[PDB]
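Enquirer: Residue numbers (full-length UniProt numbering): 640 to 671, 678 to 1042, 1046 to 1112, 1150 to 1413.
Note that the Cβ used here is the ideal one computed from N, Cα and C, for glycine as well.
Can you keep this structure in mind? I'll have questions shortly.
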Amino acid sequence: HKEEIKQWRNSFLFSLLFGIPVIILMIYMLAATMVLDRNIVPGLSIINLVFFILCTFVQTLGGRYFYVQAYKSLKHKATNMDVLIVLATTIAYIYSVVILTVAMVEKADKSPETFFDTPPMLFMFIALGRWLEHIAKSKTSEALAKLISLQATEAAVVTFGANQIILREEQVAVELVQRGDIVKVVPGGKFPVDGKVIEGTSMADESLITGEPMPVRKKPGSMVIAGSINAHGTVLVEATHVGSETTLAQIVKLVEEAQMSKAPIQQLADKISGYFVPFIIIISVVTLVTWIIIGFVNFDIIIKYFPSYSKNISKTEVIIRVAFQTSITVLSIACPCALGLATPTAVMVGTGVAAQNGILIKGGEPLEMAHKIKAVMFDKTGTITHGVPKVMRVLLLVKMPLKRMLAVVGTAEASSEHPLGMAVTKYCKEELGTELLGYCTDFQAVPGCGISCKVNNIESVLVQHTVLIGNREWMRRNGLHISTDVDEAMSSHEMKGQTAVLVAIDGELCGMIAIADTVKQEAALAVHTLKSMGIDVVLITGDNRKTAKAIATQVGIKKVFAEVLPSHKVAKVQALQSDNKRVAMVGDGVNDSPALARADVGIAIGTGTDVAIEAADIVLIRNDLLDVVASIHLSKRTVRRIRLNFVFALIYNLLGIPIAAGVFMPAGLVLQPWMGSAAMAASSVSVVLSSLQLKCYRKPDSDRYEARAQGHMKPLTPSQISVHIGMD
Ligand code: ALF
Ligand SMILES: [Mg+2]
């Protein structure tokens, strides 16, 4: 892609260098120049020779890549802008050279009129437009490198066995590791290869596949996923899949396949030129033939509207030459130069607006593509709901203040590393003055079982004796019975997908605390607005079906897909696309990266993983869900403006075609030399300024979206929503 930009820039610069003198010379000639009209030889004038040299240099240098691209397009059996420019400029230059040569041969008193100015202007403007287009198209795709970065570079190979014979611990590159070997994973170290845990117990973070941050208990006989983050101890892994067979390698393969699947999109300029080229050829040929017929039938019109009859040449020569001149004048006038600037400029401007609005759009494709979206897929964790777990409700199970118990639990749970424990501690701190945690505290934890602590610093809490935190099994083994009402409340909490834990003091049940992810404030409104616009909303997630169903009910999404693996997301996106719907994937995780790449438009939350940002084409820096709606609206406006730009690129030149062909000659209007330049000034500017107008866009207020949905919005019922587990 770099070569295209470099060569287009070189062509544009050469066209500038060898055409700016051409344009300035023609402007000076139009303004008034006797010396310029002076002839070295009767056929050729000084001005004509200068124009010939300059245009020859421009076409030889500026037009080289134009010629190559036109030939390549012809190989594809397609007529595009390059073919139009090459054909028209070559015809004009050949005709100018031929007329100059024949005038020199005939030693005519006055040099003929030449069209040497046309090729330089067309080349300059078209090269500028295509260069801007290629600047816009260029994008950086580092998702593959980010995925490779996840994989562990080195692994700890073990020798002999883990029971009673062990000799050495050595370090081997991950690639050299082979199946059947036993490796060691230290706490906080990456999992090198897929395998089974042997003689080790720990906790592994597996956000690569499932996407959630909740730690996963790993015990002997369990399976580990390469790239998962180990902690809580040292583990030994017996390899089962290595290298490409690893799940991370499969995700990389899916991402690269999705990236390669995307095909180039034909620009509207090429589509317009495809029709224009036959049209321009047809009108030129019609003008030539009709002018020849007019000259032959009467020949009085030719004399009246042209001075070439004064020449000593034969009348047939006069009519043929004037017909050719008029046809080629129509050909020159018809060609639009501003066409290349129609789509690119606006695109860039739109991108800038997005940058001002907190939406980072990479390339021009997302802006041209978002308005066609008919379905949007939302991830659950991070996208629809905050990833961090937060406390929802605390209940009291002799009658001591709730804030005191919360402070006591926070002191007991201060050293807890589990996300739920730290969430409980932060909630307690927020509720309390939280000037400082209790100095005196004794802590003991049995993993997956519960925590027992001794706190004798309740005086510190009051200024601002045993604590036990546990689940059902903790109470059952300790002998504490569970009441029917507390059991029902805990079961209701479990049904909603919110984890509940119980606090007891001095062997007596005291309270219960529930923790769950909180749906974003704008999630419900964004979903409702998307549904109102006619875009289907699908909630696809790898989290447990209960929590996914609860979140969908909260945010009012009818279709729920739970326990979805990364490949299943891509499969769903592919199916939706095959349904002729255009799918936008909103994800902020590694598992979502292949879906984002395959999805027509990938929107990545600003706080998402780096790979998710790289794979996605649109990034929400302001991490606001409603922006997804706004991103659509902007796209709409952009495309509309683009279409309008094309009108400004064509209308003026079209108005010239009737004049160039002599339609208005009886009225007394004939094409003038300045017109050919003037339209180009009128068209190109009329395009660029129009694109600049896109800067006036302002985001609609969220209050407007809520007002449009003030009464239409209504919460869903749990029974209505449907839940699907996996692709099968
Ligand atoms: F946050 Al997910 F699958 F639930 F990427
Ligand atoms: Mg996520």
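Please report the residue range of the alpha helix (DSSP H) in which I811 lies.
Expert: That residue, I811, is in no alpha helix (DSSP H); it is neither H nor E in DSSP.
Enquirer: Measuring only from the beta carbon, is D1024 closer than 6 Å to any heavy atom that is part of ligand 2?
Expert: yes
Enquirer: Can you list, in chain order, the residues of its chain with a C-beta nearer than 8 Å to that of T798? Leave out the 5 residues immediately preceding and following it.
Expert: Cβ neighbours of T798 beyond the five flanking positions: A818 and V819.
Enquirer: Between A1209, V1249, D1024 and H886, which has its C-alpha nearest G1411's C-alpha?
Expert: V1249
Enquirer: Please determine, among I937, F768, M679 and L1084, the residue with the shortest C-alpha to C-alpha distance to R648.
Expert: Check the Cα spacing between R648 and each of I937, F768, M679 and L1084: the tightest is with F768.
Enquirer: Contact check, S741 vs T759 under 8 Å by CB: the rounded distance?
Expert: That belief holds up - the Cβ atoms of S741 and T759 are roughly 4 Å apart, short of 8 Å.
Enquirer: Closest to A991 by CA distance: which of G774, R1230 and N808 is it?
Expert: Distance from the Cα of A991 is smallest, within the candidate group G774, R1230 and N808, for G774.
Enquirer: Could you have a look at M679 and say whether DSSP puts it in helix, strand or coil?
Expert: helix
Enquirer: Would you check if the distance between the CB atom of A1235 and the CB atom of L1310 is smaller than 7 Å?
Expert: Not in contact: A1235 and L1310 (Cβ atoms no closer than 7 Å).
Enquirer: Take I1018 and list the residues in its own chain whose beta-carbon comes closer than 8 Å to its own, dropping the five residues that flank it on each side.
Expert: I1220, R1267, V1268, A1269, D1285, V1286 and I1317
Enquirer: Taking 7 Å as the limit between beta carbons, can you name the residues of its chain near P1011, skipping five residues before and five after?
Expert: Excluding residues within five positions, the ones whose Cβ falls inside 7 Å are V1286, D1302 and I1303.
Enquirer: Ligand 1 and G1274: does any heavy atom of the ligand fall closer than 6 Å to the residue's C-beta?
Expert: yes
Enquirer: Since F702 and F657 are thought to touch, with beta carbons under 8 Å apart, how far apart are those beta carbons, to the nearest angstrom?
Expert: 4 Å
Enquirer: Taking 6 Å as the line, does the beta carbon of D1202 fall inside it for any heavy atom of ligand 1?
Expert: no
Enquirer: Taking the DSSP output, what are the residues bridged to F1091?
Expert: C1101
Enquirer: Output needed for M868: all residues of its chain with C-beta closer than 7 Å, excluding positions within five of it in sequence on either side, in chain order.
Expert: Answer for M868: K841, listed in chain order.
Enquirer: Can you tell me which of the three DSSP states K829 falls into?
Expert: strand
Enquirer: Beta-carbon separation of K1074 and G1182 under 7 Å?
Expert: no
Enquirer: Please check the pair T996 and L1068, which I expect to be a contact at CB under 8 Å, by giving their CB distance rounded to whole angstroms.
Expert: That pair is no contact at about 42 Å.
Enquirer: Would you call the segment 1096-1109 in contact with the segment 1057-1064, where contact means no fewer than 3 C-beta pairs closer than 8 Å?
Expert: yes
Enquirer: Does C982 come out as helix, strand or coil in the three-state DSSP assignment?
Expert: coil
Enquirer: Using the three-state DSSP reduction, which class does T1214 fall into: helix, strand or coil?
Expert: Secondary structure of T1214 (DSSP, three-state): helix.
Enquirer: In chain order, what residues of the same chain have a beta carbon less than 8 Å from the beta carbon of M1160, not counting five sequence neighbours either side?
Expert: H1166, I1167, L1187, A1189 and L1194
Enquirer: Apart from the five residues just before and just after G1009, which ones in its own chain have a Cβ nearer than 7 Å to its Cβ?
Expert: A781, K782 and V992
Enquirer: Taking just the CA atoms, how far does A1289 sit from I1298?
Expert: 6 Å
Enquirer: Given the structure, does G1182 come close to ligand 2, in the sense that its CB is under 6 Å from one of the ligand's heavy atoms?
Expert: no
Enquirer: On the three-pair Cβ rule with 8 Å, is the segment 864-882 touching the segment 679-694?
Expert: No contact exists between the segment 864-882 and the segment 679-694.
Enquirer: Taking the continuous beta strand (DSSP E) assigned at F1246, which residues delimit it?
Expert: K1244 to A1247
Enquirer: For the beta strand (DSSP E) that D915 lies in, which residues bound it at each end?
Expert: From DSSP, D915 is part of no beta strand (DSSP E) but of the alpha helix (DSSP H) over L913 to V942.
Enquirer: What did DSSP end up calling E1207 once you bin it into helix, strand or coil?
Expert: helix
Enquirer: Got a sec: does ligand 1 put a non-hydrogen atom nearer than 6 Å to the Cβ of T1082?
Expert: no
Enquirer: Just curious, the alpha helix (DSSP H) that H1178 is in, first and last residue?
Expert: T1169 to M1180
Enquirer: Where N1163 and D1170 are concerned, what is the direct C-alpha to C-alpha distance, given to the nearest angstrom?
Expert: 20 Å
Enquirer: Near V831, what residues of its chain come up, given a Cβ to Cβ distance below 6 Å and the 5 sequence neighbours on each side ignored?
Expert: Excluding the 5 residues flanking it on each side, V831 has same chain C-beta neighbours closer than 6 Å at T879, in chain order.
Enquirer: Once you ignore the five residues that flank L745 on each side, which residues in its own chain have a CB closer than 8 Å to its CB?
Expert: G688, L689, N693, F697, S756, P757 and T759
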